[PDB]
Amino acid sequence: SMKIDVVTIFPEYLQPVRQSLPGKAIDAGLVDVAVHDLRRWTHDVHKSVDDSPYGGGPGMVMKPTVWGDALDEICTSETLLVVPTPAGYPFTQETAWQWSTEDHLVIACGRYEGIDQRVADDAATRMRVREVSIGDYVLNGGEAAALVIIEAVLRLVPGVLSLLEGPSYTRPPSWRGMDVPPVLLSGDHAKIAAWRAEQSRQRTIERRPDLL
Amino acid sequence: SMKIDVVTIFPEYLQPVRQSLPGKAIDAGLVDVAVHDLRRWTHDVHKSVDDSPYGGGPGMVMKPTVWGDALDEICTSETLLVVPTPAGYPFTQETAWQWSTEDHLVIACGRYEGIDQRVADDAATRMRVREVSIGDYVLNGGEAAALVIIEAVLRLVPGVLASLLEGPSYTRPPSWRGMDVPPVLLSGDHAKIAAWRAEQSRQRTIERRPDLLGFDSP
Ligand SMILES: Nc1ncnc2c1ncn2[C@@H]1O[C@H](CSCC[C@H](N)C(=O)O)[C@@H](O)[C@H]1O
Ligand SMILES: Nc1ncnc2c1ncn2[C@@H]1O[C@H](CSCC[C@H](N)C(=O)O)[C@@H](O)[C@H]1O
């Protein structure tokens, strides 16, 4: 069984992935995804989640007192706390495999310039904390990153959801003047495998030379 | 003014586009985002969008005929056709800057094992086509990739407006749970604050992303 708790100021962002879980998996207790509005843990009538950065400059920083109360309530000693951030370690398929056998993931979704660093520092003294980037681009908030992480992790949990793969084809054999490569129809399955390997090599050279 | 069309067999999965920054840019009229159900272009009783691969292998491939009809209707020669795929060129901040100047993005979201390669090949005979990966992991579908791409592009479009990681940030109170904000940040010395932030950035980068500074990855 896996529990995923997401904490966010935009809880509606995660509702479609919640509803996408198959009922059989939920009923079997294989997976439970819960979403929490961070504003439940604000202190003031204005429900403030952010404040000006120490040292100056633009933007805002999310408040440690609010996040600290949220994580105190949601996390336990078994929690793996995931903090999406463009300044994080890379989230990769290896990470997804590792996290797919965790009992409890908590995803803390940030906004503005991120979460006051003492939140992660303090949490790390009582649980495991993982600051991760999903790619070399900047989002406005952690919610889209949470969606990517949830999808990549949960498709590796049974019954829930080096070289590049080459092109794929289906019927019809000829379409808009373009034929499916005839080798694929040849019934020479060793040759087909070699053809696919060369297609993957060429595609990796063209698109991802870093991988070779 | 930008137009983004998203084509998917799961249109409800794109509802998050109405939240947060993409939602506000939608409300401000700077961008119009339309989501289309690919099954609208099917003709059979069962609305079939997939068929088994040629050459063997597991899974299913999205049929070219249905996609070709959809893109015929939605795209023009001016369109930038975005095809998310883990086998694509990397989508990066540079890509986001480039696409932020485009008049029309169409995002073709795959499912199953992906879309028959001739769909992209055919589209490229009349428009620009970009097959892109959003990262070194595997999603079940292109819908989450579309949301990432839309968010990263929309925050750059004029009307809403480096090679290093940003260091840590702090806000009030100055002491919390016995944990202090670094004193330099409280000191008011702008030059010492700038130098500390630059050092924190470079130290975080070599620890977390040594590749960005030209060092081996672990
Ligand atoms: N590449 C990425 N990977 C994971 N999370 C990201 C991300 N890019 C942005 N985020 C999320 O979005 C939040 C704000 S981005 C932080 C800086 C600010 N957006 C700016 O540059 O002006 C982050 O704290 C993180 O939660
Ligand atoms: N890293 C990534 N970047 C962009 N899109 C991705 C992606 N991973 C998955 N997708 C999307 O999800 C769809 C199905 S994944 C495609 C099959 C894959 N070879 C597999 O291992 O099963 C793709 O066609 C693409 O639209």
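When reading the values below, keep in mind they use all heavy atoms of this one structure, side chains included, and skip hydrogens, waters and symmetry mates. The sequence lines fix the lettering, A, B, ..., with proteins before strands; numbering per chain opens at 1.
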So, do [X] and [Y] sit near enough that their side-chain heavy atoms are less than 4.5 Å apart?
X	Y	answer
A:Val183	A:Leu185	no
B:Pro218	B:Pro210	yes
A:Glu12	B:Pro16	no
A:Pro158	A:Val160	no
B:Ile134	B:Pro84	no
B:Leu38	B:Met62	yes

- request: Evaluate ring-ring contact (aromatic ring centres under 6.0 Å, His included) for B:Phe91 paired with B:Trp99, printing each intermediate quantity in order.
  value: CA-CA 11 Å; B:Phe91 175 82; B:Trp99 295 358; 5.5 Å; yes
Counting N and O atoms only, with roles assigned by atom type, does the side chain of [X] sit under 3.5 Å from a partner on the main chain of [Y], one being a donor and the other an acceptor?
X	Y	result
A:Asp179	A:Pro181	no
A:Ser200	A:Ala197	no
A:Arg207	B:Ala87	yes
B:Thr171	A:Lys63	no
A:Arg118	B:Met179	yes
A:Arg130	A:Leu80	no
B:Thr79	B:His104	no
B:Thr76	B:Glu78	yes
A:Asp37	A:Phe10	no
B:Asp211	B:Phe215	no

Of all heavy-atom pairs between [X] and [Y], which one has the smallest distance, and what is that distance?
X	Y	result
B:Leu14	B:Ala146	CD1-CB, 4.3 Å
A:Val7	A:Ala70	CG1-CB, 4.5 Å
B:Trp67	B:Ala108	CZ3-CB, 3.5 Å
B:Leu156	B:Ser100	CB-CB, 3.8 Å
A:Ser1	A:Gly29	CB-O, 3.0 Å
A:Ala25	A:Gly159	CB-O, 3.4 Å

Neighbour count >12 (heavy atoms, 6.0 Å) for atom CD, A:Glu73: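 Above 12, so yes.
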Between [X] and [Y], a side-chain donor and acceptor under 3.5 Å:
X	Y	answer
A:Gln98	A:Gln93	no
A:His36	A:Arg40	yes
A:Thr92	B:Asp136	no
B:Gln203	B:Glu199	yes

- request: Would you sort out whether A:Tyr169 and A:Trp175 count as a side chain to side chain contact (heavy atoms under 4.5 Å, CB included), showing the intermediate values?
  value: CA-CA 11 Å; A:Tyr169 303 87; A:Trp175 183 71; over 6 Å; no
- prompt: Do A:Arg176 and B:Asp72 meet the salt-bridge criterion of a basic N to acidic O distance under 4.0 Å?
  reply: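 Here B:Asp72 pairs with A:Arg176 in a salt bridge, since their nearest N and O are under 4.0 Å apart.
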Charged N-O contact under 4.0 Å between A:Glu102 and A:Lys3: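 Salt bridge absent between A:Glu102 and A:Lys3.
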If I take atom [atom1] from residue [X] and atom [atom2] from residue [Y], how far apart are they, to the nearest 0.5 angstrom?
X	Y	atom1	atom2	value
A:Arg155	B:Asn140	CZ	CG	5.0 Å
A:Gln199	A:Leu164	CD	CG	12.0 Å
B:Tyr89	B:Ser133	OH	OG	13.0 Å
A:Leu139	A:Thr85	CG	OG1	10.5 Å
B:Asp50	B:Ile115	CG	CD1	12.0 Å
A:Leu30	A:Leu21	CG	CG	10.5 Å

task: I would like to know whether B:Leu71 and B:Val106 meet side chain to side chain contact (heavy atoms under 4.5 Å, CB included); could you show each step before the answer?
output: CA-CA 9 Å; B:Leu71 298 179; B:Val106 175; 4.2 Å; yes
- prompt: Which residue, B:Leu154, B:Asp32, B:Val17, forms the side-chain contact (heavy atoms from CB on, under 4.5 Å) with B:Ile4?
  reply: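 Single side-chain contact (heavy atoms from CB on, under 4.5 Å) partner of B:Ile4 among B:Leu154, B:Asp32, B:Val17: B:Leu154.
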task: Go through the steps to decide whether A:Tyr13 and A:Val35 satisfy the test side chain to side chain contact (heavy atoms under 4.5 Å, CB included), and finish with yes or no.
output: CA-CA 9 Å; A:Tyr13 194 109; A:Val35 184; over 6 Å; no
message: Assess the residue pair A:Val153 and A:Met2 against the criterion (side chain to side chain contact (heavy atoms under 4.5 Å, CB included)); give the C-alpha distance rounded to whole Å, side-chain angles, the decisive distance to 0.1 Å, and a yes or no.
response: CA-CA 10 Å; A:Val153 171; A:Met2 182 181 306; 4.1 Å; yes
query: Run the salt bridge (charged side-chain N to carboxylate O under 4.0 Å, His left out) check on B:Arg111 and B:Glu143 step by step: do they pass?
result: CA-CA 9 Å; B:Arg111 283 278 166 167; B:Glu143 291 79 16; 2.8 Å; yes
message: Given the ring of B:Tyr54, does A:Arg171 sit roughly above its face, with NZ or CZ under 6.0 Å from the centre of the six-membered ring and within 45° of the axis?
response: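 Yes, cation above the ring, under 6.0 Å and within 45°.
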